[PDB]
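Below sits a lone chain in structure tokens, taken as the form deposited in one PDB entry.
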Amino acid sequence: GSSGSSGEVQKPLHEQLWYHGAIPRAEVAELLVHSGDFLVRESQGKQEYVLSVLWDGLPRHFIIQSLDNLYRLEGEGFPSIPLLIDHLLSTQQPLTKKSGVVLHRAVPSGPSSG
């Protein structure tokens, strides 16, 4: 048959398989099953994204920071959320020295779309 090949890293955050939206914490907990599993949710009211990843048996929450027109958490940043997430998935740098958590694979919304 066939398949396609493109620069998916530039895809808008709104279509990212790991962008479940402003969903509550109970829903989030049912997505991450293993260490390295990650997703992005939007904050309640306030327009700020939150990366949630599982490690050691505790789903962590990392409020994404934005300042230099780029988003980051402990090291470098990028002009967009997917660009940064893709980079950690690429270079395997830890999310924060204080925890040492790394991203191994994204968790999809469900078989509904993607």
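Residue positions are given as counts along the sequence shown, with the first one as 1.
The same protein also exists as the form deposited with a partner chain bound; that form is not shown, yet it is the one meant from here on.
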4.5 angstroms heavy atom contact with the partner chain in the deposited bound form for residue 87: no
Even though the partner chain is not shown here, does residue 74 get within 4.5 Å of it in the deposited bound form, heavy atoms only? yes
Against the partner chain in the deposited bound form, would residue 32 count as a contact residue? Criterion: heavy atoms within 4.5 Å. no
Does residue 98 reach the partner chain in the deposited bound form, with heavy atoms at most 4.5 Å apart? yes
Here the chain is shown alone; which of 28, 70, 83, 50 has a heavy atom within 4.5 Å of the partner chain in the deposited bound form? 50
